[PDB]
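Residue 0 is where the sequence shown starts when you use the entry's author numbering, and the numbers rise one by one after that. Have a look at the structure below, then the notes.
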Amino acid sequence: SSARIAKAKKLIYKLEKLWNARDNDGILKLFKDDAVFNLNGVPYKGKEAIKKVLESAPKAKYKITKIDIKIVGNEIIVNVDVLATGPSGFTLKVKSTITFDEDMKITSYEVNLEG
Ligand SMILES: COc1ccc(-n2nc(C(N)=O)c3c2C(=O)N(c2ccc(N4CCCCC4=O)cc2)CC3)cc1
Numbered sequence: 000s001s002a003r004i005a006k007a008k009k010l011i012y013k014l015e016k017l018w019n020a021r022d023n024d025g026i027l028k029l030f031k032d033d034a035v036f037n038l039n040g041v042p043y044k045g046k047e048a049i050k051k052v053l054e055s056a057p058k059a060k061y062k063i064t065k066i067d068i069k070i071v072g073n074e075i076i077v078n079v080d081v082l083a084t085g086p087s088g089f090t091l092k093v094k095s096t097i098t099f100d101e102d103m104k105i106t107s108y109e110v111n112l113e114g
């Protein structure tokens, strides 16, 4: 249970590298096959749907600035404050809520782009 908190912290920084590397194949492997990707209010359920959003994600570099890990039941809730940089230098304070289960696989992944 304590290792799960540490595993979650490492998987967040791993996700940051995969996102900036556009390793969409690797990103999916941490996802449960029936996970939900809530992209600013629009949920995308299923590996095939989460995928299509990954390769359609805009060209952007991400830097983690704050990580909060909460435990609710048997699920690891990770709230990540991210700064997303576009090629034009446009910077947006985005927020992500990632949920892990016992298998350390992502069950829910919500990206908030409003602020
Ligand atoms: C320049 O400003 C922007 C604005 C919007 C967008 N934008 N567009 C989409 C889309 N229309 O698909 C998505 C994003 C985004 O910001 N996404 C993301 C959010 C957060 C993370 N990170 C960082 C690593 C660890 C935690 C974590 O969750 C990784 C990717 C994916 C989706 C980009 C740039």
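Backbone N, C-alpha and C define an ideal beta-carbon position, used for all residues, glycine too.
Buried/exposed call for residue i, threshold 16 Cβ in 10 Å
i	result
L91	exposed
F30	buried
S95	buried
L112	exposed
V110	buried
Short Cβ contact (8 Å threshold) for residue i with residue j
i	j	result
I68	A7	yes
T84	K51	no
Closest Cα partner of residue i within the set the options
i	options	result
residue 161	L53, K65, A48, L17	Residue 161 cannot be examined here, being either before or after the span of the chain that is shown, 0 to 114.
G45	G114, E113, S107, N111	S107
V81	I11, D24, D33, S87	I11
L38	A56, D32, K16	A56
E54	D33, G25, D32	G25
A34	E113, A48, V77, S87	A48
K16	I4, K62, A5	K62
Query raised in the report: Using 8 Å as the threshold, is the segment 97–110 in touch with the segment 69–77, meaning 3 or more CB pairs across them?
Result: Counting Cβ pairs under 8 Å, three or more are found: they touch.
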